[PDB]
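I have a structure here, written as structure tokens, and I will follow up with some questions on it.
Chain lettering (A, B, C, D and E) follows the sequence in which the chains are written, and residue indices restart at 1 in each chain.
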Amino acid sequence: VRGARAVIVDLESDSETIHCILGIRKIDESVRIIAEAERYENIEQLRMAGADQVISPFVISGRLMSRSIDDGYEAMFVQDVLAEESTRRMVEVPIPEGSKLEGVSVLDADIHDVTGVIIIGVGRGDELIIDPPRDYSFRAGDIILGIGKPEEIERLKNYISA
Amino acid sequence: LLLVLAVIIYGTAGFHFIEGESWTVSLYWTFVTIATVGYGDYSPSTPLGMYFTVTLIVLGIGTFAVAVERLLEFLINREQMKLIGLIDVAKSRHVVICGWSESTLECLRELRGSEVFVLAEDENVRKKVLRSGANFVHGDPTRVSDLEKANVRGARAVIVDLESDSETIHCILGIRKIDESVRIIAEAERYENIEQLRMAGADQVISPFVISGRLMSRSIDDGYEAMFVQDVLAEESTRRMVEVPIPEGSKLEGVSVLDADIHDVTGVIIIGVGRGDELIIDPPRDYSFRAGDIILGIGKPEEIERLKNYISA
Amino acid sequence: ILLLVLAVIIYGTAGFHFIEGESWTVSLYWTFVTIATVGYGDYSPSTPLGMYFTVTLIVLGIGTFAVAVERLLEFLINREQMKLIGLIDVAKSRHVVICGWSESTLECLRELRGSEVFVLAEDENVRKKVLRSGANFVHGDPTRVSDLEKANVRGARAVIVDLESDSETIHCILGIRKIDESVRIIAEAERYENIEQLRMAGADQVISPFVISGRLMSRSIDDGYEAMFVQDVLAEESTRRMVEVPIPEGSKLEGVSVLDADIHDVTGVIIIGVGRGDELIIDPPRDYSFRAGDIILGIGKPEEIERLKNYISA
Amino acid sequence: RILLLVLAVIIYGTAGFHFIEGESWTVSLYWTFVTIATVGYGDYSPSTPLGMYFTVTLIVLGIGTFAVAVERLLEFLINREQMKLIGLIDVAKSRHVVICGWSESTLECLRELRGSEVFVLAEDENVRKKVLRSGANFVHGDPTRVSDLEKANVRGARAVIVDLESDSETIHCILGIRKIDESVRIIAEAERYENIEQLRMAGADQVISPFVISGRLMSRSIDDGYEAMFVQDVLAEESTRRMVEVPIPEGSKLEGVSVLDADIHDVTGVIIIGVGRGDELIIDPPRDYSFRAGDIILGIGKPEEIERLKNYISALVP
Amino acid sequence: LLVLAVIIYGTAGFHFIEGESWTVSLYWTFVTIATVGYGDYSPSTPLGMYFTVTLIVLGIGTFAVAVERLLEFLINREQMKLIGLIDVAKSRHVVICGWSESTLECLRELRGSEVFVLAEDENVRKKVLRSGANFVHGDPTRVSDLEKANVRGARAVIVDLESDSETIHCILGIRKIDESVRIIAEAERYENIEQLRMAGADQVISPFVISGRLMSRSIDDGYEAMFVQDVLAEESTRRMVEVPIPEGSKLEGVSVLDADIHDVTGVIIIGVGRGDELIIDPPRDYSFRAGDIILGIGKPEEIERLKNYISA
């Protein structure tokens, strides 16, 4: 575990998951820990134990269920963007240092028009802004969350450099 | 059954001759002496009745105790028949949940405010279900006679998560033997049986472990992928993900989405557009909006309102 | 449910109001006595328009009341608990919460005779023993936070945690630290291999009895006095009690070295250790300067306990 | 019995090579050992077809018997371990310790008995792996069956330690021990307080009730945990203070000397928490306790000041 | 069939591919396949060095096929063939269906007889061998498995299974094979001793009924239970023996009182056996017929005396 890229933890019960996480942090207190949460009631308890990211697939499912009564496009969206069988892949693209976009407003940049990548969100460290407002200034090192074909991602990666 | 009448008629005789009452006065006495009401309109007027008073206390008590249990059971099935009568009017809009899992629980928490029935084979869940806000129906969701007990026919939709995928499939078949048109949403424990669920009549299928495992993998490098899905689904964020329908005879029918500049015009992100039973993610620029198309987008509730107007005639 | 109770009540007060000719006051006491079989006597059927209405109202009213009386008591077992549950408005370190029912938490409870303690357990049959040991019982999963709140862990004296596994024990502690993050948490550890994990979760004090027992065993091979001591001080059968004594501000001992203080000579109380915050020094050196607030750990007779308690004040 | 049959194929080959090709008693044995062990050096091939039959059948049937010897040899590799074990049980003047049951306690006990001869006896086979990495020998057997207590050489052991799954089984084991060595020291863990006496009735010398200890420490740790901090810290070797039992030899400078007259804490710095008279211990002895010979002094102190008590206590020179 | 494959490939590749006789070419195959590889026929041409590797593989498969299948078959066949030619086997064997504490304690008294245990639980195998009996893994209710214990032509079959139903089910299966072989069966409930006999149980022993009655009789004084348990152990010097009255007896027609057996031989006559029924404490005027069976307690020395006192 020490000198691992990350550790993914899904054990039979949430207690055992936690108990595992604490043990990890008693070895490599910085290695990335991703953990599955069976109950919503203890997402926070998992994070307290040192879980860096927490995915609770039953909470996702139930909410997708409810949204799939009227029309199922919500659940259709989530599942298809995540399969590489869909040509649209969901990629995180970094803004290089000394960017052509540093300081450029997202509206001034017209990324959707320029590269065809849909900007679903923009990442500032460990927090994410979905559908950024028009007046969001691109800083360097921001992370772009987007959907697009592999060809139009390569275009954004060039459009973003110095 | 017939034994309850025996003590009643037996009392009407010991008051008809042994206390000097009519058949109508003796019958009204026996029904009150059995319920220990002792209102008082007929007390033993002769020691042949005061003897009959002591003796009928045993015979009258037995008829009262047996009748309440059978009538309450007949009032509990009638309450089951009267509770069944209330779901039929609410039925053009009710939702039936087959199985009680963590998935179906968190779905129910987002259906706060609808007529919902949970059907589960384990009884102790009833307390949890009621403190969660739904009606409970004890039954095996594979037996059709219990699906009928939840008025699955003519429901808004039925949601199905059972212990295994085999039971889930079996249940869907039971539904389609009642309402072959009701919307069926079902979770699949294994990816290996998504198609089998759809073959059996599942209209929409959600596989949360495939969602999970994939978010896990994408959370190693950077966790924004997993962060996106989970946040769009909580109603607490100002960005809501809404399906917007394109009315017939729209300002957009035949208008290209590139000519529409919807993100530019209304600020709503267009992540996909739906034509019937399929959804196209990041639609191409030259997609003609037909009538009835569904717009899948994220946006502020204000800029959603702009999309709803910008799309009309 | 409550619609059946209104039926016998409304139909009887009306069937005596019109079908027997009574006021609302005579008909309701008629229905309330005819349905409840009280038969106080203020309204019996004086006409067969009532004698028919009596039997049908009393039968339907006796049957509807019988279903309703239990429903009221079922609401009176939870709502009378809800008025008593509403009564815990103290904002004080009064009660003690014990999470889990093991043999340890039983032996602990037997030494808390005279205190108000709450046991929180997921297994229901435990209720009989808990009451016969002197505590109140709360049915709930001590890992669920909404059930920790059912024991008012928030603003408790301390919480004691022994669950079936160490994983469950940890999970509970983390939940506690999500309500009252300062309450003292005492937790039992089944494996030595994860004591640190228990403290990481927020347990202030951790007791691992298999390590105690294992170590006492090892020491009882040759001669058993090591084990004999630990078990004997903890039973009140010895006249010697083991007490923690604090050093107040303005002591006759404040700043005085323990050798110059010569506590063993002065008071006869054995000084096995002195406590500084969250750490303890056993058999302190002769040249230990007592600071204020130090805790003195000692064994002695109840008479000589008072002497050290006097010797330390102004 | 079946393994006893394996020796036959070698001799039949030693017979099938002695006459069917004309070899001596010395030549017949050297031929079979290469044909059966598949070494096949090659010094004897069929010079008449009558030998190729007796060779091939005896080489094949004997080769199967040669391979079978490994299983007996693996048993023979356990008997050579018995010749090395005989050298270790006579290393010093202390004999071995038997641990009946594998609990978390006996695991923690075994970990502090590093350096004594220890044998664990448990009916669970998978326990064997943990026992070896914990440093003791394992014996697969039911510690209630006496024929399996005997398999752990309980007679003439230093002591036997008993923690079984239930208190009932523990008792049965103790009684089993006492049907062999009615004097060997028996230490037993008690899972319920309700039957300590029953454990001693069966012949248990010392009984440890870790739930009674623990339950009581909790009750006392609510306010401040120095009590519990004390017990656990005296028992870990990480603290510099050791808790030692010191005996008062016959004819001591202290025989007849009061514990107050001895000024032991002042003289030696060792804290005297108790003194032992046989199978009972007096905690915080009264000021006028007369030290007799053979009494045991229970005290805490640094290794240097332990040395001080050991001399201040010793007997006068002849 | 695998042994023939390497044999055919090897005995020809040394007869033709290197020039050896029919006896020399096959002798090459038998050592190279068993990896003995003595060496008297090695590849003298690469045409043999090529087939050597293939024959080393093909011969290894036949050697493994010959070693695993034949040696297991050579250990069980050696038990049936060496027993037939070296020394004789006294009488037919015994079958024990089920492995309980009863059938275990039964085996302790059949030390030195050919016994076969049939039980469906495999791990029982080791204990049975160290008890001195042979083991057969099978369900004693399935008839095809009773056939596996040679029930037919057994001396007797002893049946104690987990439940009384399974015991019965077993008994009926036996009688569907050897409808005369002696069947002894343990009864867990008194309520169905008769049902066991209906199924064909010749003798029925119900050890819990014995125990309970011994318990009750052991309250006042325990000599009853002391008697039963000690007469049955050979640790007691008194053994309980069945002695037959030979044809043309010295006692035939002699009253038991006229015979004074207790006085004459010291054997206590606890009962006398007339076929499948037993008379306990016979009356004084019981005439000894020939072939009657005497049930008695005595030391081994005084039994030999009765056996002489009883002859012609």
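The rule we apply is simple: a residue touches a chain if its C-beta (ideal position, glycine included) is under 8 Å from a C-beta of that chain, and two chains touch if they have at least 3 such contacts.
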If every step must land on a chain the current one touches, say how few steps get you from chain C to chain E. 2
What's the distance between the Cα centroids of chain D and chain E, rounded to whole Å? 41
Distance between chain centroids, defined by C-alpha means - chain A, chain B (Å): 34
Computed distance of Cα centres, chain D from chain C, in Å: 44
On the basis of the stated criterion, which chains touch which? Give every pair. A-B, A-C, B-C, C-D, D-E
Residues of chain E touching chain D in their complex? 23-24, 26-27, 30-31, 34-40, 66-67, 70-71, 74-75, 78
Considering the complex alone, what residue numbers of chain B touch chain A? 95, 101-111, 156-157, 159, 183, 185, 187, 203-204, 206-212, 214-216, 218-234, 237, 239, 241, 243, 263-264, 267, 269-272, 274, 278-279, 281-282, 285, 294, 296, 298-300
Okay, in this complex, where on chain A does chain C touch? 13-16, 18-19, 22-23, 25-26, 41-42, 44-45, 48-49
Going by the contact rule set out above, which residues of chain D touch chain E in the complex? 2, 5, 34-35, 38-42, 44-46, 49, 52, 55-56, 59-61, 63-64, 67-68
